[PDB]
Amino acid sequence: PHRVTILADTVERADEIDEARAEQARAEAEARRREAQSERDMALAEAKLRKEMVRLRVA
Amino acid sequence: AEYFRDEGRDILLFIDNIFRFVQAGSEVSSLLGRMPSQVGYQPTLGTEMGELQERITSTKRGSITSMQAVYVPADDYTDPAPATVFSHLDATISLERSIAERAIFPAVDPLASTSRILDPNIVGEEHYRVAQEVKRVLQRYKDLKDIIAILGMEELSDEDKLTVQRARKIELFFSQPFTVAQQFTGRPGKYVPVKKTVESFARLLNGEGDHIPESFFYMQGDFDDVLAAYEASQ
């Protein structure tokens, strides 16, 4: 009676952003990739590489 | 001792701290005006070592079972005196400071300790195989020492991990109480026959004793004593 909850699994069209004027979603993946997935996956792989290669060199 | 060797009697010869003989030679040479060599040692180091050591030989008339001791200055195995001794021996036993500081009183480094008669035709095929495996383990451990020290046990592979704890158990198990150690240690001495030692280490390498914690191998006899202690502590 006082509050409404919509546990929707997914949302698409939105007059706020929709397809045209949509900005948040634009580059949102990169906002959660360059420092999260994209680049970072390699970024942490470079740490594994340069560390592993010098690990045998110190032995 | 050469009189008894020449008439056929078997002789046990225990010369203690050949390095002191070398040091006495060095002091005498320094007082004699000879030109010093390397770290203040006498120029005639090799010849003096040859003259003393070549007399300690079992000949066709009798046998001398020599057992010497050598003191390394500081902890330098590159010192000229031990370096000269190393080529005059059949069986070499190396005591390390780190092993002793780890409370392993025998303190023998298996990797740096070798012997000439460690041959399957002389000591036995099983003994040779066991010794070679006990060295290949602890060689893997010396290779992974840095990895373990800086990262930890987790980064190693499963087989590498298992070899590492087997190496630590072996290192602990080489310790053995001595009957002459009762004066400062209350642990009674143990005399483990070579057959029992070979059997114990073969069983340990097979996988038996993996469940036992490493602390149970410290200052024990054969593997049966370790198993009995484990059962006593359940």
# chains A, B, ... in the order shown; residues from 1 in each chain; ligands from 1
call {"tool": "interface_residues", "arguments": {"of": "chain A", "to": "chain B", "cutoff": "9 Å", "atoms": "only C-alpha atoms", "output": "ChimeraX atom specification"}}
result
/A:55-56,58-59
call {"tool": "write_last_selection", "arguments": {"atoms": "N, CA and C atoms", "output": "PDB file, in the first residue's frame"}}
result
ATOM      1  N   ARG A  55      61.318 -14.416 -11.746  1.00  0.00           N
ATOM      2  CA  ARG A  55      61.338 -15.395 -10.667  1.00  0.00           C
ATOM      3  C   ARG A  55      62.370 -16.488 -10.900  1.00  0.00           C
ATOM      4  N   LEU A  56      62.506 -16.970 -12.135  1.00  0.00           N
ATOM      5  CA  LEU A  56      63.553 -17.943 -12.418  1.00  0.00           C
ATOM      6  C   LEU A  56      64.922 -17.283 -12.498  1.00  0.00           C
ATOM      7  N   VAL A  58      66.122 -15.008 -10.596  1.00  0.00           N
ATOM      8  CA  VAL A  58      66.669 -14.846  -9.256  1.00  0.00           C
ATOM      9  C   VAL A  58      67.045 -16.190  -8.643  1.00  0.00           C
ATOM     10  N   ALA A  59      66.590 -17.289  -9.235  1.00  0.00           N
ATOM     11  CA  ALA A  59      66.924 -18.621  -8.751  1.00  0.00           C
ATOM     12  C   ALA A  59      68.306 -19.041  -9.236  1.00  0.00           C
TER      13      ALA A  59
END
call {"tool": "residues_around", "arguments": {"residues": "residue 6 (chain B)", "least_positions_apart": "6", "cutoff": "9 Å", "atoms": "only C-alpha atoms", "output": "PyMOL selection string"}}
result
chain B and resi 59-63
call {"tool": "residues_around", "arguments": {"residues": "residue 211 (chain B)", "least_positions_apart": "5", "cutoff": "12 Å", "atoms": "only C-alpha atoms", "output": "PyMOL selection string"}}
result
chain B and resi 162+165-166+169+204+216-217+226-227+230+234
call {"tool": "select_by_dssp", "arguments": {"residues": "region 6-222 of chain B", "states": "helix (DSSP H, G or I)", "output": "PyMOL selection string"}}
result
chain B and resi 6+18-31+45-53+80-86+97-101+120-123+125-150+153-155+158-173+179-181+194-206+214-217
